[PDB]
Amino acid sequence: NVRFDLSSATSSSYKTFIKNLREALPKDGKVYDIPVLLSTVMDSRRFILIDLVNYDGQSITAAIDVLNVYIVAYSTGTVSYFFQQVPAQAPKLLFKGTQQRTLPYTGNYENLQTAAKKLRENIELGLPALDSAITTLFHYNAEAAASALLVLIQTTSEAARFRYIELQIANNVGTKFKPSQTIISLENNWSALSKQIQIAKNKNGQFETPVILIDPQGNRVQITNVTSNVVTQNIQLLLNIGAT
Ligand SMILES: *[C@@H]1O[C@H](CO)[C@@H](O[C@@H]2O[C@H](CO)[C@@H](O[C@@H]3O[C@H](CO[C@H]4O[C@H](CO)[C@@H](O)[C@H](O)[C@@H]4O)[C@@H](O)[C@H](O[C@H]4O[C@H](CO)[C@@H](O)[C@H](O)[C@@H]4O)[C@@H]3O[C@@H]3OC[C@@H](O)[C@H](O)[C@H]3O)[C@H](O)[C@H]2NC(C)=O)[C@H](O)[C@H]1NC(C)=O
């Protein structure tokens with residue numbers, strides 16, 4: 001499995017991990033030089049596994065749906081935990097031999113924030129936060145897990161989707177930070193950006209519908225075509241148009 005360990009964590013090793021995560025996903029080609037995910041795939045190739053290891057050498061394995069980069073489940077090696085409403089074939093295909101449990105929420109941000117009783121902007125990221133999240137999930141506690149899963153998802157799925165997010169985390173190897181509204185805006189608009197970039201291919205680079213983001217200085221900005229920085233040097237994976 002593609003693996004990230006905290007014992008050797010550096011900015012460079014984290015970037016290498018995210019590159020390897022991206023590379024492990026099958027692609028349906030590129031649009032404006034950005035890889036597009038598959039629309040559908042056979043069950044035997046539907047999931048990839050990633051290992052995350054804390055400072056104390058304790059590992060969890062997260063299962064990711066290759067069609068959308070969603071984490072669907074994780075395992076401690078002996079017990080596994082599945083989100084509500086994951087693809088129906090996931091339990092049969094993943095972590096066979098473990099004791100399989102269901103988490104009391106779906107993996108969407110609305111439901112995770114409700115379960116955590118706090119917002120993404122209230123929850124620290126950075127590699128020390130990843131260490132704590134791994135520990136919380138390895139020693140599963142129902143009250144603490146949603147916040148830990150929010151850390152895990154943003155540090156894997158969202159970093160894979162956006163270079164900007166990857167770099168913010170890579171810049172916090174020994175420190176912690178709470179994500180800005182710039183980060184939150186990218187996460188919220190991944191599907192919308194994916195849709196518009198694929199539409200734009202048949203419209204001379206023009207979006208059908210604008211996407212509103214927050215720039216690093218906190219300004220509202222309107223994205224209307226593929227010449228914008230978010231398209232040319234940020235987004236790294238597109239959700240297939242079939243799923244938008
Ligand atoms: C495809 O899309 C691009 C858009 O990415 C099309 O071009 C770009 O359009 C944007 C939006 O209109 C434009 O940005 C704005 O520029 C205004 C002018 O800025 C110049 O002049 C002022 C003085 O008048 C100077 O202060 C500047 O330094 C600069 O020389 C600017 O006033 C706008 O800012 C206002 O809004 C922001 C909030 O978003 C506030 O913060 C400001 O106080 C103002 O109220 C705006 O500037 C952008 O602001 C957000 C920042 O994140 C950006 O970095 C900053 O640019 C771009 O100038 C324009 N880009 C180019 C290269 O032309 C493009 O035509 C289209 N391409 C196609 C169709 O092929």
# chains A, B, ... in the order shown; residues from 1 in each chain; ligands from 1

call {"tool": "residues_around", "arguments": {"residues": "region 149-152 of chain A", "least_positions_apart": "6", "cutoff": "9 Å", "atoms": "only C-alpha atoms", "output": "count of residues only"}}
result
16

call {"tool": "residues_near_ligand", "arguments": {"ligand": "ligand 1", "cutoff": "10 Å", "atoms": "only C-alpha atoms and all ligand atoms", "output": "compact mmCIF listing (two decimals) with N, CA and C atoms, in the first residue's frame"}}
result
# COMPACT_ATOMS: atom_id res chain seq x y z
N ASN A 204 -14.42 26.76 -25.99
CA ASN A 204 -13.22 27.60 -26.11
C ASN A 204 -12.65 28.07 -24.76
N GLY A 205 -12.73 27.21 -23.75
CA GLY A 205 -12.18 27.51 -22.43
C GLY A 205 -13.09 28.27 -21.48
N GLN A 206 -14.32 28.55 -21.90
CA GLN A 206 -15.26 29.33 -21.09
C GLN A 206 -16.18 28.43 -20.27
N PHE A 207 -16.32 28.73 -18.97
CA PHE A 207 -17.27 28.05 -18.10
C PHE A 207 -18.70 28.39 -18.55
N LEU A 213 -14.93 31.54 -5.58
CA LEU A 213 -13.94 31.10 -4.61
C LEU A 213 -13.53 32.26 -3.70
N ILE A 214 -12.76 31.93 -2.67
CA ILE A 214 -12.13 32.92 -1.79
C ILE A 214 -10.63 32.85 -2.04
N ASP A 215 -10.03 33.98 -2.41
CA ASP A 215 -8.58 34.01 -2.68
C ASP A 215 -7.80 34.02 -1.36
N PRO A 216 -6.47 33.80 -1.41
CA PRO A 216 -5.68 33.78 -0.16
C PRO A 216 -5.79 35.01 0.74
N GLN A 217 -6.06 36.18 0.16
CA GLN A 217 -6.23 37.40 0.95
C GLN A 217 -7.65 37.54 1.53
N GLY A 218 -8.53 36.58 1.22
CA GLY A 218 -9.90 36.57 1.73
C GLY A 218 -10.91 37.24 0.82
N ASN A 219 -10.50 37.59 -0.40
CA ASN A 219 -11.41 38.27 -1.32
C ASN A 219 -12.28 37.28 -2.09
N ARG A 220 -13.54 37.64 -2.28
CA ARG A 220 -14.41 36.91 -3.19
C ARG A 220 -13.85 37.07 -4.60
N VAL A 221 -13.69 35.95 -5.31
CA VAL A 221 -13.28 35.98 -6.71
C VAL A 221 -14.17 35.08 -7.55
N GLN A 222 -14.42 35.49 -8.79
CA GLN A 222 -15.28 34.75 -9.71
C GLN A 222 -14.43 34.09 -10.80
N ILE A 223 -14.52 32.77 -10.89
CA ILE A 223 -13.78 32.00 -11.89
C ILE A 223 -14.72 31.72 -13.06
N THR A 224 -14.33 32.13 -14.26
CA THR A 224 -15.18 32.01 -15.45
C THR A 224 -14.54 31.30 -16.64
N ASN A 225 -13.25 31.01 -16.57
CA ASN A 225 -12.57 30.33 -17.68
C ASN A 225 -11.28 29.63 -17.22
N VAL A 226 -10.69 28.85 -18.13
CA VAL A 226 -9.58 27.96 -17.78
C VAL A 226 -8.21 28.65 -17.66
N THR A 227 -8.15 29.97 -17.88
CA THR A 227 -6.90 30.72 -17.71
C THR A 227 -6.61 31.08 -16.25
N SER A 228 -7.61 30.91 -15.38
CA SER A 228 -7.45 31.21 -13.95
C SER A 228 -6.43 30.28 -13.27
N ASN A 229 -5.72 30.83 -12.29
CA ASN A 229 -4.74 30.12 -11.50
C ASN A 229 -5.26 28.80 -10.90
N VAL A 230 -6.52 28.77 -10.48
CA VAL A 230 -7.05 27.55 -9.88
C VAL A 230 -7.06 26.38 -10.88

call {"tool": "closest_residue", "arguments": {"among": "A:42, A:127, A:135, A:24", "to": "residue 174 (chain A)", "atoms": "only C-alpha atoms"}}
result
A:127

call {"tool": "closest_residue", "arguments": {"among": "A:121, A:158, A:147, A:138", "to": "residue 180 (chain A)", "atoms": "only C-alpha atoms"}}
result
A:121

call {"tool": "closest_residue", "arguments": {"among": "A:128, A:78, A:160, A:153", "to": "residue 175 (chain A)", "atoms": "only C-alpha atoms"}}
result
A:128

call {"tool": "residues_around", "arguments": {"residues": "residue 198 (chain A)", "least_positions_apart": "5", "cutoff": "9 Å", "atoms": "only C-alpha atoms", "output": "number ranges by chain"}}
result
A: 31-32, 193, 207, 238, 240-241

call {"tool": "residues_around", "arguments": {"residues": "residue 12 (chain A)", "least_positions_apart": "5", "cutoff": "12 Å", "atoms": "only C-alpha atoms", "output": "NGL selection string"}}
result
:A and (4 or 17-19 or 166-167 or 169-173)

call {"tool": "select_by_dssp", "arguments": {"residues": "region 76-169 of chain A", "states": "alpha helix (DSSP H)", "output": "PyMOL selection string"}}
result
chain A and resi 90-93+109-116+127-138+145-153+159-161+163-169

call {"tool": "closest_residue", "arguments": {"among": "A:80, A:196, A:209, A:122", "to": "residue 184 (chain A)", "atoms": "only C-alpha atoms"}}
result
A:122

call {"tool": "residues_around", "arguments": {"residues": "residue 79 (chain A)", "least_positions_apart": "2", "cutoff": "7 Å", "atoms": "only C-alpha atoms", "output": "list in words"}}
result
residues 75, 76, 77, 81, 98, 99 and 100 of chain A

call {"tool": "closest_residue", "arguments": {"among": "A:85, A:40, A:132, A:106", "to": "residue 56 (chain A)", "atoms": "only C-alpha atoms"}}
result
A:132

call {"tool": "atom_distance", "arguments": {"atom1": "CA of residue 108 (chain A)", "atom2": "CA of residue 234 (chain A)"}}
result
22.5 Å

call {"tool": "residues_around", "arguments": {"residues": "residue 46 (chain A)", "least_positions_apart": "2", "cutoff": "9 Å", "atoms": "only C-alpha atoms", "output": "list in words"}}
result
residues 40, 41, 42, 43, 44, 48, 64, 65, 66, 67 and 90 of chain A

call {"tool": "write_last_selection", "arguments": {"atoms": "N, CA, C and O atoms", "output": "PDB file, in the first residue's frame"}}
result
ATOM      1  N   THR A  40     -16.665   4.924 -14.294  1.00  0.00           N
ATOM      2  CA  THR A  40     -17.064   3.638 -13.758  1.00  0.00           C
ATOM      3  C   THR A  40     -15.832   2.722 -13.814  1.00  0.00           C
ATOM      4  O   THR A  40     -14.881   3.001 -14.552  1.00  0.00           O
ATOM      5  N   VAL A  41     -15.844   1.643 -13.043  1.00  0.00           N
ATOM      6  CA  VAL A  41     -14.706   0.725 -12.995  1.00  0.00           C
ATOM      7  C   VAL A  41     -15.168  -0.601 -12.408  1.00  0.00           C
ATOM      8  O   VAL A  41     -16.092  -0.634 -11.595  1.00  0.00           O
ATOM      9  N   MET A  42     -14.540  -1.698 -12.820  1.00  0.00           N
ATOM     10  CA  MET A  42     -14.897  -3.005 -12.270  1.00  0.00           C
ATOM     11  C   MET A  42     -14.583  -3.071 -10.773  1.00  0.00           C
ATOM     12  O   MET A  42     -13.643  -2.423 -10.286  1.00  0.00           O
ATOM     13  N   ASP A  43     -15.386  -3.849 -10.050  1.00  0.00           N
ATOM     14  CA  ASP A  43     -15.278  -3.953  -8.589  1.00  0.00           C
ATOM     15  C   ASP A  43     -13.866  -4.280  -8.097  1.00  0.00           C
ATOM     16  O   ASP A  43     -13.426  -3.743  -7.075  1.00  0.00           O
ATOM     17  N   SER A  44     -13.160  -5.157  -8.807  1.00  0.00           N
ATOM     18  CA  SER A  44     -11.821  -5.579  -8.382  1.00  0.00           C
ATOM     19  C   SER A  44     -10.775  -4.450  -8.418  1.00  0.00           C
ATOM     20  O   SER A  44      -9.681  -4.612  -7.876  1.00  0.00           O
ATOM     21  N   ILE A  48      -8.457   1.836  -3.672  1.00  0.00           N
ATOM     22  CA  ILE A  48      -7.045   1.778  -3.296  1.00  0.00           C
ATOM     23  C   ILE A  48      -6.928   1.873  -1.771  1.00  0.00           C
ATOM     24  O   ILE A  48      -7.821   2.399  -1.082  1.00  0.00           O
ATOM     25  N   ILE A  64      -9.956   4.096  -0.245  1.00  0.00           N
ATOM     26  CA  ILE A  64     -10.400   5.226  -1.061  1.00  0.00           C
ATOM     27  C   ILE A  64     -11.074   4.711  -2.342  1.00  0.00           C
ATOM     28  O   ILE A  64     -10.541   3.836  -3.037  1.00  0.00           O
ATOM     29  N   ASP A  65     -12.266   5.243  -2.614  1.00  0.00           N
ATOM     30  CA  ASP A  65     -13.015   4.993  -3.849  1.00  0.00           C
ATOM     31  C   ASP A  65     -12.306   5.743  -4.996  1.00  0.00           C
ATOM     32  O   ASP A  65     -12.195   6.974  -4.975  1.00  0.00           O
ATOM     33  N   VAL A  66     -11.809   5.006  -5.991  1.00  0.00           N
ATOM     34  CA  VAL A  66     -11.013   5.641  -7.046  1.00  0.00           C
ATOM     35  C   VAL A  66     -11.823   6.582  -7.942  1.00  0.00           C
ATOM     36  O   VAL A  66     -11.235   7.404  -8.655  1.00  0.00           O
ATOM     37  N   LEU A  67     -13.147   6.445  -7.950  1.00  0.00           N
ATOM     38  CA  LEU A  67     -13.978   7.281  -8.816  1.00  0.00           C
ATOM     39  C   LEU A  67     -14.102   8.708  -8.282  1.00  0.00           C
ATOM     40  O   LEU A  67     -14.309   9.641  -9.055  1.00  0.00           O
ATOM     41  N   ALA A  90     -18.505  -2.212  -0.959  1.00  0.00           N
ATOM     42  CA  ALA A  90     -17.319  -1.953  -0.134  1.00  0.00           C
ATOM     43  C   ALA A  90     -17.066  -2.982   0.998  1.00  0.00           C
ATOM     44  O   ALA A  90     -15.955  -3.494   1.113  1.00  0.00           O
TER      45      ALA A  90
END

call {"tool": "closest_residue", "arguments": {"among": "A:165, A:183, A:62, A:211", "to": "residue 197 (chain A)", "atoms": "only C-alpha atoms"}}
result
A:211

call {"tool": "atom_distance", "arguments": {"atom1": "CA of residue 11 (chain A)", "atom2": "CA of residue 37 (chain A)"}}
result
26.4 Å

call {"tool": "select_by_dssp", "arguments": {"residues": "region 84-201 of chain A", "states": "strand (DSSP E)", "output": "list in words"}}
result
residues 99, 100, 101 and 102 of chain A

call {"tool": "atom_distance", "arguments": {"atom1": "CA of residue 3 (chain A)", "atom2": "CA of residue 53 (chain A)"}}
result
7.8 Å

call {"tool": "decode", "arguments": {"residues": "region 193-232 of chain A", "atoms": "N, CA and C atoms", "output": "compact mmCIF listing (two decimals), in the first residue's frame"}}
result
# COMPACT_ATOMS: atom_id res chain seq x y z
N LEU A 193 -15.99 22.90 -10.00
CA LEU A 193 -14.83 23.18 -10.85
C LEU A 193 -14.61 22.05 -11.86
N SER A 194 -14.71 20.81 -11.40
CA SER A 194 -14.57 19.66 -12.29
C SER A 194 -15.57 19.70 -13.46
N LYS A 195 -16.83 19.97 -13.13
CA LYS A 195 -17.89 20.09 -14.13
C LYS A 195 -17.57 21.19 -15.15
N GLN A 196 -17.25 22.38 -14.66
CA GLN A 196 -17.07 23.54 -15.54
C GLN A 196 -15.84 23.41 -16.44
N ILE A 197 -14.76 22.82 -15.92
CA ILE A 197 -13.55 22.64 -16.72
C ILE A 197 -13.83 21.66 -17.88
N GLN A 198 -14.59 20.60 -17.61
CA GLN A 198 -14.96 19.65 -18.66
C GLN A 198 -15.96 20.24 -19.68
N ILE A 199 -16.89 21.07 -19.22
CA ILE A 199 -17.79 21.79 -20.14
C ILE A 199 -16.99 22.76 -21.02
N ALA A 200 -16.03 23.45 -20.41
CA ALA A 200 -15.24 24.48 -21.08
C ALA A 200 -14.47 23.95 -22.29
N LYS A 201 -14.09 22.67 -22.26
CA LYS A 201 -13.40 22.01 -23.38
C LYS A 201 -14.14 22.16 -24.71
N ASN A 202 -15.47 22.19 -24.65
CA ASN A 202 -16.30 22.39 -25.84
C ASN A 202 -16.86 23.82 -25.96
N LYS A 203 -16.24 24.77 -25.27
CA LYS A 203 -16.68 26.17 -25.29
C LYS A 203 -15.50 27.15 -25.31
N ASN A 204 -14.42 26.76 -25.99
CA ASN A 204 -13.22 27.60 -26.11
C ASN A 204 -12.65 28.07 -24.76
N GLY A 205 -12.73 27.21 -23.75
CA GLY A 205 -12.18 27.51 -22.43
C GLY A 205 -13.09 28.27 -21.48
N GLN A 206 -14.32 28.55 -21.90
CA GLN A 206 -15.26 29.33 -21.09
C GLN A 206 -16.18 28.43 -20.27
N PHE A 207 -16.32 28.73 -18.97
CA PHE A 207 -17.27 28.05 -18.10
C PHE A 207 -18.70 28.39 -18.55
N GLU A 208 -19.62 27.44 -18.38
CA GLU A 208 -21.05 27.71 -18.56
C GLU A 208 -21.61 28.54 -17.39
N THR A 209 -21.19 28.19 -16.18
CA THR A 209 -21.63 28.86 -14.96
C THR A 209 -20.40 29.22 -14.12
N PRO A 210 -20.30 30.47 -13.65
CA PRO A 210 -19.14 30.85 -12.83
C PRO A 210 -19.01 30.05 -11.52
N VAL A 211 -17.78 29.92 -11.03
CA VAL A 211 -17.53 29.34 -9.71
C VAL A 211 -16.96 30.43 -8.81
N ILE A 212 -17.56 30.63 -7.64
CA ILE A 212 -17.09 31.67 -6.71
C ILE A 212 -16.17 31.05 -5.65
N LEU A 213 -14.93 31.54 -5.58
CA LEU A 213 -13.94 31.10 -4.61
C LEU A 213 -13.53 32.26 -3.70
N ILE A 214 -12.76 31.93 -2.67
CA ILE A 214 -12.13 32.92 -1.79
C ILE A 214 -10.63 32.85 -2.04
N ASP A 215 -10.03 33.98 -2.41
CA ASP A 215 -8.58 34.01 -2.68
C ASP A 215 -7.80 34.02 -1.36
N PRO A 216 -6.47 33.80 -1.41
CA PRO A 216 -5.68 33.78 -0.16
C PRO A 216 -5.79 35.01 0.74
N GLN A 217 -6.06 36.18 0.16
CA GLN A 217 -6.23 37.40 0.95
C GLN A 217 -7.65 37.54 1.53
N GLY A 218 -8.53 36.58 1.22
CA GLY A 218 -9.90 36.57 1.73
C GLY A 218 -10.91 37.24 0.82
N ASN A 219 -10.50 37.59 -0.40
CA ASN A 219 -11.41 38.27 -1.32
C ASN A 219 -12.28 37.28 -2.09
N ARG A 220 -13.54 37.64 -2.28
CA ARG A 220 -14.41 36.91 -3.19
C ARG A 220 -13.85 37.07 -4.60
N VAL A 221 -13.69 35.95 -5.31
CA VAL A 221 -13.28 35.98 -6.71
C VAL A 221 -14.17 35.08 -7.55
N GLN A 222 -14.42 35.49 -8.79
CA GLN A 222 -15.28 34.75 -9.71
C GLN A 222 -14.43 34.09 -10.80
N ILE A 223 -14.52 32.77 -10.89
CA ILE A 223 -13.78 32.00 -11.89
C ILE A 223 -14.72 31.72 -13.06
N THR A 224 -14.33 32.13 -14.26
CA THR A 224 -15.18 32.01 -15.45
C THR A 224 -14.54 31.30 -16.64
N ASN A 225 -13.25 31.01 -16.57
CA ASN A 225 -12.57 30.33 -17.68
C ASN A 225 -11.28 29.63 -17.22
N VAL A 226 -10.69 28.85 -18.13
CA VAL A 226 -9.58 27.96 -17.78
C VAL A 226 -8.21 28.65 -17.66
N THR A 227 -8.15 29.97 -17.88
CA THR A 227 -6.90 30.72 -17.71
C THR A 227 -6.61 31.08 -16.25
N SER A 228 -7.61 30.91 -15.38
CA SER A 228 -7.45 31.21 -13.95
C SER A 228 -6.43 30.28 -13.27
N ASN A 229 -5.72 30.83 -12.29
CA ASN A 229 -4.74 30.12 -11.50
C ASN A 229 -5.26 28.80 -10.90
N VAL A 230 -6.52 28.77 -10.48
CA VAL A 230 -7.05 27.55 -9.88
C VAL A 230 -7.06 26.38 -10.88
N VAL A 231 -7.25 26.71 -12.16
CA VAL A 231 -7.25 25.70 -13.22
C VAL A 231 -5.84 25.37 -13.72
N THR A 232 -4.98 26.38 -13.86
CA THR A 232 -3.65 26.16 -14.45
C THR A 232 -2.59 25.64 -13.47
